[PDB]
Amino acid sequence: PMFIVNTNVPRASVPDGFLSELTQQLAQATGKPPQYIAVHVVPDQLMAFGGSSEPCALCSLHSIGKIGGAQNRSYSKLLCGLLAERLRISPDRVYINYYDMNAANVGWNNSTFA
Amino acid sequence: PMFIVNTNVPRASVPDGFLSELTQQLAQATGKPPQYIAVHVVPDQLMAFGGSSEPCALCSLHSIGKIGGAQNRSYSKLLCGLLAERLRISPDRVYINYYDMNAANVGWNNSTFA
Amino acid sequence: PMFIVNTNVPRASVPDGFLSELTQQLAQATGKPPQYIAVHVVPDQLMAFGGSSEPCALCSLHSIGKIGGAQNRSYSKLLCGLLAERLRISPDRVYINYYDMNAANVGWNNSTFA
């Protein structure tokens, strides 16, 4: 699985352990080993949400399976809670795009997972 | 909706009210409430288009509905127009990928839109 | 076609000509003329792969057609090979997402390809 956060929160306000915290929580959330989880945080971004420049985040979660109606409602609660406590972002200023990827469309280690 | 621009144009060339303008034009183009429109501009990028490092842009628009054949042609005219007028990027050096997202695959404020 | 690579490798480790090489190799691999190939390289990123901060990359390839089972394995061998040789990234620390785009959902030069 792959999780990306783009935010206007400055770099110095991203805690040093945030990437490892995300990795561990997403491994439990998805039921996949932490070795398979990749995380990417992009601070200091020029963005607005509803026309306002208060702190906000635009995110995406890709995974081969473990994506769906009930699961995505649970992920949103987990991720909003993490962004609220660690980055101080209000949860109504968070978007997360979920992607259920086909194994043939994910490359890794010179091949694909198909 | 969510709109992202990645470009090699320098940060200093992005006009002050550019995020505000994108928000208002996208609300009028999609008919979506401006309170739910997010915009994101990433300048100073290392990019090439057709092998050339002249000004270019790679963009995306995600939306629940309001995506389709005729609508996407109209969005493309509007967005290339703004990129040409505001950032001086030639329209033939711009790609825009459009994504019709399922309401269950868009997370917001501890839930999804389904 | 559009190829994007995000990596934690420093900008000074990207060799001169890297974007030209990607443009030429992807033109040959996809069969499309190089005029229509776009490439985007984002170094110095804050990311982790498996909870480790060793060099890694998160990538995507978008194409109108030329996306499929055997084709995507061949792209993965080519692209992991380039990232290993030029950027010194191990292939088992690379993810590439593949997207088969519908022509009606790709804007260019004030309109769409369909």
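For chain A, the PDB entry supplies the name Macrophage migration inhibitory factor and the organism Homo sapiens. The record lists its title as "Macrophage Migration Inhibitory Factor in Complex with a Naphthyridinone Inhibitor (4b)". You can read under Subunit (literature references left out) in the UniProt record for chain A the words "Homotrimer. Interacts with CXCR2 extracellular domain (By similarity). Interacts with the CD74 extracellular domain, USO1, COPS5 and BNIPL." UniProt lists a comment for chain A under the heading Sequence similarities, and it reads "Belongs to the MIF family."

Caption draft 1: Molecular detail of the pattern of salt bridges. Counted by the stated rule, this structure contains six salt bridges over all chains. Note that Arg86(A) and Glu85(A) form a salt bridge whose closest N and O atoms lie 3.6 Å from each other. Since its relative accessible area comes to 57%, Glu85(A) is described here as exposed. Between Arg86(C) and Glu21(C) there is a salt bridge, with its nearest N and O atoms 2.8 Å apart. Here the residue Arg86(C) occupies a position in helix α2 (residues 69-87), and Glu21(C) occupies one in helix α1 (residues 18-30), the gap between them amounting to 65 residues. Using a relative accessible area of 17% as the deciding quantity, one classes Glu21(C) as buried. Each of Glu21(C), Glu85(C), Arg86(C) and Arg88(C) takes part in salt bridges that share partners, so that together they form one network.

Caption draft 2: Region of interest: the sheet that holds strand β3 (residues 46-49) of chain B. Ordered in space as β7(A)-β6(A)-β5(C)-β4(C)-β1(C)-β2(C)-β3(B), the seven strands form an open sheet in which the pairing is mixed. The sheet terminates laterally at β7 (111-112) of chain A together with β3 of chain B, the two strands that pair on one side only. Pairing geometry for strand β6 (residues 106-108) of chain A and strand β5 (residues 94-100) of chain C, over two bridges, is antiparallel. By the bridge assignment for β5(C), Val106(A) is matched with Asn97(C). Running over the sheet, α1(C) touches β3 of chain B together with β1 (2-7), β2 (38-42) and β4 (57-63) of chain C and is turned about 140 degrees from β2(C). Here α2(C) sits on the sheet and contacts β6 and β7 of chain A together with β1, β4 and β5 of chain C; the angle it forms with β5(C), its principal contact strand, is near 140 degrees.

Analysis parameters
- Residues numbered from 1 in each chain as written, not as in the entry; some residues may be left out.
- Chains lettered and ligands numbered in written order.
- Heavy atoms only, no water.
- Residues with missing side-chain atoms left out of burial classes, pairs and counts.
- UniProt positions renumbered as here; feature names shortened; annotations may be inferred.
- Salt bridge = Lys/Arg side-chain N within 4 Å of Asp/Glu carboxyl O.
- Buried < 20%, exposed > 50% of the residue type's maximum accessible area, 1.4 Å probe, protein only.
- Helix = DSSP H or I, 4+ residues; strand = E, 2+ residues; numbered from the N terminus.
- Pairing = 2+ DSSP bridges.
- Contact = heavy atoms within 4.5 Å.
- Axes fitted to C-alpha atoms, helices over the stretch in contact; angles between N-to-C directions.

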